[PDB]
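*Asks:* Can you keep this structure in mind? I'll have questions shortly.
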Amino acid sequence: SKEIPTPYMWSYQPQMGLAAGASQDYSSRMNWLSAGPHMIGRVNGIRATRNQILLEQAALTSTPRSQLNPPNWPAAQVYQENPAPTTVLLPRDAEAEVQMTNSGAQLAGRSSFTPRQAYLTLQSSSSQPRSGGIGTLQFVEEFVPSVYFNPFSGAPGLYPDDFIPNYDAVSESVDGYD
Amino acid sequence: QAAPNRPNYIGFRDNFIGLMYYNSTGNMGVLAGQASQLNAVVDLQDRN
Amino acid sequence: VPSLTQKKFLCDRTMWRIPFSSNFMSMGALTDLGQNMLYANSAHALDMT
């Protein structure tokens with residue numbers, strides 16, 4: 001039906017990293033019924049520029065996908081934490097201690113007994129990288145405000161059907177028990 | 001034993017906070033050009 | 001007489017303010033936090049008690 005449509009904002013769930021719900025811009029919108037065809041011709045067009053900005057910043061920031069709100073982000077498109085190899089300076093010569101303690105009487109209340117010392121550079125990141133759910137600093141990067149250049153114009157099937165909050169993309173069904 | 005009545009100074013109200021029926025969708029004002037069905041004041045029902 | 005203090009404070013004719021600025025400070029009319037993408041390019045619900 002319409003065409004310069006008003007972008008559909010994406011909601012967040014600080015819980016499971018995947019997003020939640022979606023809805024036209026509930027609040028941020030002008031009130032032009034007190035305007036004549038000299039700025040109702042410019043509000044129409046400021047909104048179009050907004051739509052174009054949203055499109056560009058969507059195609060420039062998002063990581064092309066096939067489902068608007070994927071039910072489980074793969075383990076290669078979710079920002080991972082790559083810390084630095086932790087290096088502990090092992091603070092003694094084990095051989096030296098054990099040796100002297102056995103010998104003499106040292107009960108030992110760098111080192112003086114032996115000038116030997118070695119780091120134990122470890123690994124720090126993880127074993128299996130994270131899989132499901134993106135963090136906030138990824139939500140505002142993936143789910144840019146979505147512009148729906150035409151309304152629910154089609155068969156039930158083709159319809160952004162990741163917008164309705166009560167969607168279970170796993171089973172393509174609306175949840176219940178409410 | 002009598003006493004003295006208290007004292008109520010009923011008077012108009014500061015800044016005239018009232019005489020003019022300000023923000024209320026049911027009774028609005030208008031500042032539009034004479035030959036224009038438009039308006040210049042919408043006055044949503046949440047604004048003090 | 002043994003005594004226990006009692007404290008109370010009056011802030012009459014005023015309204016409590018909790019600015020949206022990250023530092024709670026008036027850095028301008030348009031708060032920085034209320035203009036970051038996270039609260040601008042992503043709808044958010046809100047709950048207060």
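All residue names refer to the structure tokens as shown: chains lettered A, B, ... in order, residues numbered from 1 in each chain, ligands numbered from 1 in order.
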So which bits of chain A end up helix (DSSP H, G or I) when you DSSP the backbone, as a ChimeraX atom specification?
*Replies:* /A:43-61,94-102,136-142
*Asks:* Filtering to N, CA, C and O atoms, could you give me those residues as a tab-separated table (two decimals), in the first residue's frame?
*Replies:*
```tsv
chain	number	residue	atom	x	y	z
A	43	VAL	N	8.16	16.90	5.09
A	43	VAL	CA	8.12	15.79	6.03
A	43	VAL	C	8.12	14.51	5.21
A	43	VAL	O	8.84	13.55	5.51
A	44	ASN	N	7.28	14.49	4.18
A	44	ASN	CA	7.36	13.44	3.19
A	44	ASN	C	8.60	13.71	2.35
A	44	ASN	O	8.60	14.59	1.49
A	45	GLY	N	9.66	12.96	2.60
A	45	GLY	CA	10.94	13.26	2.01
A	45	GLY	C	12.01	13.35	3.07
A	45	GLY	O	13.08	12.77	2.91
A	46	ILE	N	11.73	14.01	4.20
A	46	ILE	CA	12.60	13.81	5.35
A	46	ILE	C	12.47	12.38	5.83
A	46	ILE	O	13.48	11.72	6.11
A	47	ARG	N	11.25	11.86	5.89
A	47	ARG	CA	11.09	10.45	6.22
A	47	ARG	C	11.70	9.55	5.15
A	47	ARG	O	12.27	8.50	5.48
A	48	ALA	N	11.60	9.93	3.88
A	48	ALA	CA	12.25	9.13	2.84
A	48	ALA	C	13.76	9.12	2.99
A	48	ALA	O	14.39	8.07	2.80
A	49	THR	N	14.36	10.26	3.32
A	49	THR	CA	15.79	10.29	3.60
A	49	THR	C	16.12	9.42	4.79
A	49	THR	O	17.15	8.74	4.79
A	50	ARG	N	15.27	9.43	5.81
A	50	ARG	CA	15.48	8.53	6.94
A	50	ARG	C	15.48	7.08	6.48
A	50	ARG	O	16.32	6.27	6.90
A	51	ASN	N	14.55	6.73	5.60
A	51	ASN	CA	14.46	5.37	5.09
A	51	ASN	C	15.72	4.99	4.33
A	51	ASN	O	16.25	3.89	4.49
A	52	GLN	N	16.20	5.90	3.48
A	52	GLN	CA	17.42	5.61	2.73
A	52	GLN	C	18.62	5.47	3.64
A	52	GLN	O	19.48	4.61	3.42
A	53	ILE	N	18.72	6.32	4.67
A	53	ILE	CA	19.80	6.18	5.63
A	53	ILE	C	19.73	4.83	6.31
A	53	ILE	O	20.75	4.15	6.49
A	54	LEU	N	18.53	4.41	6.70
A	54	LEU	CA	18.38	3.11	7.33
A	54	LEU	C	18.81	2.00	6.39
A	54	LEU	O	19.51	1.07	6.81
A	55	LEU	N	18.43	2.09	5.12
A	55	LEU	CA	18.83	1.06	4.17
A	55	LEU	C	20.34	0.99	4.03
A	55	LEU	O	20.93	-0.09	4.11
A	56	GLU	N	20.99	2.14	3.85
A	56	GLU	CA	22.44	2.12	3.67
A	56	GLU	C	23.13	1.59	4.91
A	56	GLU	O	24.01	0.73	4.81
A	57	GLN	N	22.74	2.06	6.09
A	57	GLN	CA	23.40	1.63	7.32
A	57	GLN	C	23.03	0.20	7.69
A	57	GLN	O	23.70	-0.40	8.54
A	58	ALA	N	21.96	-0.34	7.10
A	58	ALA	CA	21.68	-1.76	7.22
A	58	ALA	C	22.57	-2.60	6.32
A	58	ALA	O	23.11	-3.62	6.77
A	59	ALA	N	22.74	-2.20	5.07
A	59	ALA	CA	23.54	-2.95	4.12
A	59	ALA	C	25.03	-2.74	4.34
A	59	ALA	O	25.84	-3.44	3.72
A	60	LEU	N	25.40	-1.81	5.21
A	60	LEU	CA	26.80	-1.48	5.46
A	60	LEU	C	27.26	-1.97	6.83
A	60	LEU	O	28.47	-2.07	7.06
A	61	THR	N	26.34	-2.29	7.72
A	61	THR	CA	26.70	-2.69	9.08
A	61	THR	C	26.31	-4.13	9.35
A	61	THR	O	27.03	-4.85	10.05
A	94	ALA	N	61.62	-25.02	41.16
A	94	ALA	CA	61.13	-26.16	41.93
A	94	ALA	C	62.25	-27.13	42.27
A	94	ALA	O	62.38	-27.57	43.42
A	95	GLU	N	63.03	-27.50	41.26
A	95	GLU	CA	64.16	-28.39	41.48
A	95	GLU	C	65.04	-27.83	42.58
A	95	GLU	O	65.43	-28.55	43.50
A	96	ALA	N	65.35	-26.53	42.50
A	96	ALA	CA	66.26	-25.93	43.46
A	96	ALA	C	65.71	-26.03	44.88
A	96	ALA	O	66.41	-26.45	45.80
A	97	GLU	N	64.44	-25.65	45.06
A	97	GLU	CA	63.84	-25.76	46.38
A	97	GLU	C	63.91	-27.20	46.88
A	97	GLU	O	64.67	-27.50	47.81
A	98	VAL	N	63.22	-28.11	46.20
A	98	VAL	CA	63.19	-29.50	46.65
A	98	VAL	C	64.58	-29.99	47.00
A	98	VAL	O	64.80	-30.59	48.06
A	99	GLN	N	65.56	-29.73	46.12
A	99	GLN	CA	66.92	-30.16	46.40
A	99	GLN	C	67.41	-29.62	47.73
A	99	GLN	O	67.80	-30.39	48.61
A	100	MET	N	67.39	-28.30	47.91
A	100	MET	CA	67.96	-27.77	49.14
A	100	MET	C	67.19	-28.23	50.36
A	100	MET	O	67.80	-28.63	51.36
A	101	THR	N	65.86	-28.22	50.30
A	101	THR	CA	65.07	-28.68	51.44
A	101	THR	C	65.46	-30.09	51.85
A	101	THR	O	65.63	-30.37	53.04
A	102	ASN	N	65.61	-31.00	50.88
A	102	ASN	CA	66.12	-32.31	51.25
A	102	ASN	C	67.51	-32.21	51.87
A	102	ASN	O	67.76	-32.81	52.91
A	136	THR	N	24.59	-6.74	23.23
A	136	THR	CA	23.99	-5.47	22.84
A	136	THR	C	24.82	-4.77	21.77
A	136	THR	O	24.27	-4.31	20.77
A	137	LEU	N	26.13	-4.71	21.95
A	137	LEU	CA	26.99	-4.04	20.99
A	137	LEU	C	27.01	-4.78	19.66
A	137	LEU	O	27.65	-4.34	18.71
A	138	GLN	N	26.32	-5.92	19.60
A	138	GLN	CA	26.04	-6.56	18.33
A	138	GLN	C	24.60	-6.41	17.89
A	138	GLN	O	24.34	-6.43	16.68
A	139	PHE	N	23.65	-6.25	18.81
A	139	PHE	CA	22.28	-6.00	18.41
A	139	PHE	C	22.16	-4.71	17.61
A	139	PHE	O	21.47	-4.68	16.59
A	140	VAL	N	22.82	-3.65	18.06
A	140	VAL	CA	22.69	-2.35	17.41
A	140	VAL	C	23.54	-2.36	16.15
A	140	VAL	O	23.63	-1.35	15.45
A	141	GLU	N	24.17	-3.50	15.87
A	141	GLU	CA	24.95	-3.63	14.65
A	141	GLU	C	24.24	-4.54	13.66
A	141	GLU	O	24.24	-4.27	12.46
A	142	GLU	N	23.63	-5.61	14.16
A	142	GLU	CA	22.92	-6.52	13.27
A	142	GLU	C	21.53	-6.01	12.93
A	142	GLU	O	21.24	-5.71	11.77
```
*Asks:* I'd like the contact shell of residue B:22 - 9 Å cut-off, only C-alpha atoms, skipping same-chain residues fewer than 5 positions apart - returned as a list in words.
*Replies:* residues 17, 27, 28, 29, 43 and 48 of chain B
*Asks:* Write out as a short mmCIF file (atom, residue, chain, number, x, y, z; two decimals) with N, CA and C atoms, in the first residue's frame the residues lying within 7 Å of stretch 108-121 of chain A, counting only C-alpha atoms and excluding same-chain residues fewer than 6 positions away.
*Replies:*
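This went into selection.cif:
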```cif
data_model
loop_
_atom_site.label_atom_id
_atom_site.label_comp_id
_atom_site.auth_asym_id
_atom_site.auth_seq_id
_atom_site.Cartn_x
_atom_site.Cartn_y
_atom_site.Cartn_z
N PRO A 85 47.19 -14.12 25.45
CA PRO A 85 47.82 -15.21 26.20
C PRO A 85 48.34 -14.72 27.54
N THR A 86 47.80 -15.26 28.63
CA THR A 86 48.24 -14.86 29.96
C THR A 86 49.60 -15.47 30.25
N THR A 87 50.51 -14.65 30.75
CA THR A 87 51.87 -15.08 31.05
C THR A 87 52.12 -14.92 32.54
N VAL A 88 52.18 -16.04 33.25
CA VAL A 88 52.52 -16.07 34.66
C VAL A 88 54.01 -16.36 34.78
N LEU A 89 54.71 -15.52 35.54
CA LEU A 89 56.13 -15.74 35.80
C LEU A 89 56.23 -16.65 37.02
N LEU A 90 56.34 -17.95 36.74
CA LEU A 90 56.47 -18.98 37.77
C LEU A 90 57.58 -18.59 38.73
N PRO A 91 57.24 -18.24 39.98
CA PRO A 91 58.13 -17.47 40.84
C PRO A 91 59.10 -18.30 41.68
N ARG A 92 59.72 -19.31 41.06
CA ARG A 92 60.67 -20.13 41.79
C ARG A 92 61.25 -21.27 40.96
N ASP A 93 62.37 -21.85 41.41
CA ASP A 93 62.96 -23.03 40.78
C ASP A 93 62.61 -24.25 41.62
N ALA A 96 65.35 -26.53 42.50
CA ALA A 96 66.26 -25.93 43.46
C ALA A 96 65.71 -26.03 44.88
#
```
*Asks:* Considering only C-alpha atoms, return as a short mmCIF file (atom, residue, chain, number, x, y, z; two decimals) with C-alpha atoms, in the first residue's frame whatever protein or nucleic-acid residues lie within 12 Å of stretch 149-156 of chain A, sequence-local ones (same chain, fewer than 5 positions apart) excluded.
*Replies:*
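Just written: selection.cif:
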```
data_model
loop_
_atom_site.label_atom_id
_atom_site.label_comp_id
_atom_site.auth_asym_id
_atom_site.auth_seq_id
_atom_site.Cartn_x
_atom_site.Cartn_y
_atom_site.Cartn_z
CA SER A 1 0.00 0.00 0.00
CA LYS A 2 2.25 2.79 1.22
CA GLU A 3 5.86 3.33 0.16
CA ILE A 4 7.88 5.88 2.27
CA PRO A 5 6.92 3.63 5.16
CA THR A 6 7.94 4.45 8.79
CA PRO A 7 10.82 1.99 9.76
CA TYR A 8 9.91 -0.96 11.95
CA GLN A 24 6.55 0.50 13.56
CA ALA A 48 12.25 9.13 2.84
CA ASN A 51 14.46 5.37 5.09
CA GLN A 52 17.42 5.61 2.73
CA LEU A 54 18.38 3.11 7.33
CA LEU A 55 18.83 1.06 4.17
CA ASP A 161 7.13 -13.20 10.15
CA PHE A 163 8.23 -9.30 13.50
CA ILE A 164 5.32 -10.66 15.56
CA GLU A 172 7.22 -21.46 12.60
#
```
*Asks:* Please produce, as JSON lines, a per-residue contact table for chain C versus chain A (criterion: any atom at most 7 Å away, only C-alpha atoms considered), showing the nearest atom pair and its distance in Å to one decimal, sorted by chain then residue number.
*Replies:*
```
{"residue": "C:37", "atom": "CA", "partner": "A:140", "partner_atom": "CA", "distance": 6.6}
{"residue": "C:38", "atom": "CA", "partner": "A:140", "partner_atom": "CA", "distance": 5.7}
{"residue": "C:41", "atom": "CA", "partner": "A:145", "partner_atom": "CA", "distance": 6.0}
{"residue": "C:42", "atom": "CA", "partner": "A:10", "partner_atom": "CA", "distance": 5.2}
{"residue": "C:43", "atom": "CA", "partner": "A:11", "partner_atom": "CA", "distance": 4.7}
{"residue": "C:44", "atom": "CA", "partner": "A:11", "partner_atom": "CA", "distance": 5.6}
```
*Asks:* Now that the selection is made, can you save its residues with N, CA, C and O atoms as an mmCIF file, in the first residue's frame?
*Replies:*
```
data_model
loop_
_atom_site.group_PDB
_atom_site.id
_atom_site.type_symbol
_atom_site.label_atom_id
_atom_site.label_comp_id
_atom_site.auth_asym_id
_atom_site.auth_seq_id
_atom_site.Cartn_x
_atom_site.Cartn_y
_atom_site.Cartn_z
ATOM 1 N N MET C 37 22.951 5.018 19.518
ATOM 2 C CA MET C 37 22.140 4.141 18.685
ATOM 3 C C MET C 37 21.365 3.129 19.512
ATOM 4 O O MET C 37 20.229 2.787 19.164
ATOM 5 N N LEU C 38 21.946 2.649 20.610
ATOM 6 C CA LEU C 38 21.345 1.531 21.327
ATOM 7 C C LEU C 38 19.935 1.870 21.796
ATOM 8 O O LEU C 38 19.022 1.043 21.695
ATOM 9 N N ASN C 41 18.314 3.464 17.813
ATOM 10 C CA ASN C 41 18.053 2.541 16.719
ATOM 11 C C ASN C 41 17.668 1.156 17.214
ATOM 12 O O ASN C 41 17.980 0.154 16.566
ATOM 13 N N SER C 42 17.000 1.079 18.358
ATOM 14 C CA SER C 42 16.464 -0.190 18.836
ATOM 15 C C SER C 42 15.400 0.114 19.871
ATOM 16 O O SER C 42 15.709 0.675 20.926
ATOM 17 N N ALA C 43 14.158 -0.249 19.579
ATOM 18 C CA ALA C 43 13.096 -0.036 20.546
ATOM 19 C C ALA C 43 13.450 -0.723 21.855
ATOM 20 O O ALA C 43 14.229 -1.676 21.891
ATOM 21 N N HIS C 44 12.889 -0.214 22.941
ATOM 22 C CA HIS C 44 13.151 -0.785 24.248
ATOM 23 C C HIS C 44 11.914 -0.635 25.113
ATOM 24 O O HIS C 44 11.282 0.425 25.125
#
```
*Asks:* Please provide as a list in words all residues within 8 Å of residue B:30, with the sequence filter that same-chain residues fewer than 5 positions apart are discarded (counting only C-alpha atoms).
*Replies:* residues 39, 40 and 41 of chain B
*Asks:* Could you work out which residues of chain A fall inside 10 Å of chain B? Count only C-alpha atoms, and format the result as number ranges by chain.
*Replies:* A: 31-36
*Asks:* So which bits of chain A end up strand (DSSP E or B) when you DSSP the backbone, as a VMD selection string?
*Replies:* chain A and resid 8 to 11 20 to 24 89 to 90 118 to 119 146 167 to 168 173 to 174
*Asks:* Now that the selection is made, can you save its residues with C-alpha atoms as an mmCIF file, in the first residue's frame?
*Replies:*
```cif
data_model
loop_
_atom_site.group_PDB
_atom_site.id
_atom_site.type_symbol
_atom_site.label_atom_id
_atom_site.label_comp_id
_atom_site.auth_asym_id
_atom_site.auth_seq_id
_atom_site.Cartn_x
_atom_site.Cartn_y
_atom_site.Cartn_z
ATOM 1 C CA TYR A 8 9.907 -0.964 11.945
ATOM 2 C CA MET A 9 12.052 -0.728 15.077
ATOM 3 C CA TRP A 10 13.557 -3.894 16.559
ATOM 4 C CA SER A 11 13.144 -4.717 20.239
ATOM 5 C CA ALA A 20 12.594 -9.832 20.282
ATOM 6 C CA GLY A 21 9.451 -8.425 18.704
ATOM 7 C CA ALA A 22 9.283 -5.578 16.241
ATOM 8 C CA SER A 23 6.964 -2.655 15.594
ATOM 9 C CA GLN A 24 6.548 0.499 13.560
ATOM 10 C CA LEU A 89 56.131 -15.736 35.802
ATOM 11 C CA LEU A 90 56.470 -18.977 37.767
ATOM 12 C CA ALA A 118 60.722 -19.369 33.538
ATOM 13 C CA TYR A 119 57.375 -18.073 32.333
ATOM 14 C CA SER A 146 14.108 -2.486 9.373
ATOM 15 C CA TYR A 167 6.894 -16.205 16.936
ATOM 16 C CA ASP A 168 8.829 -19.417 17.507
ATOM 17 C CA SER A 173 4.375 -21.135 15.094
ATOM 18 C CA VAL A 174 2.991 -18.562 17.497
#
```
*Asks:* Using Å and a single decimal, report how far atom CA of residue A:71 sits from atom CA of residue A:133.
*Replies:* 8.4 Å
*Asks:* Could you tell me how far atom CA of residue A:67 lies from atom CA of residue A:171, in Å and to one decimal?
*Replies:* 13.6 Å
*Asks:* At what distance in Å, to one decimal, does atom CA of residue C:15 lie from atom CA of residue C:30?
*Replies:*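 For atom CA of residue C:30 relative to atom CA of residue C:15, the distance reads 19.8 Å.
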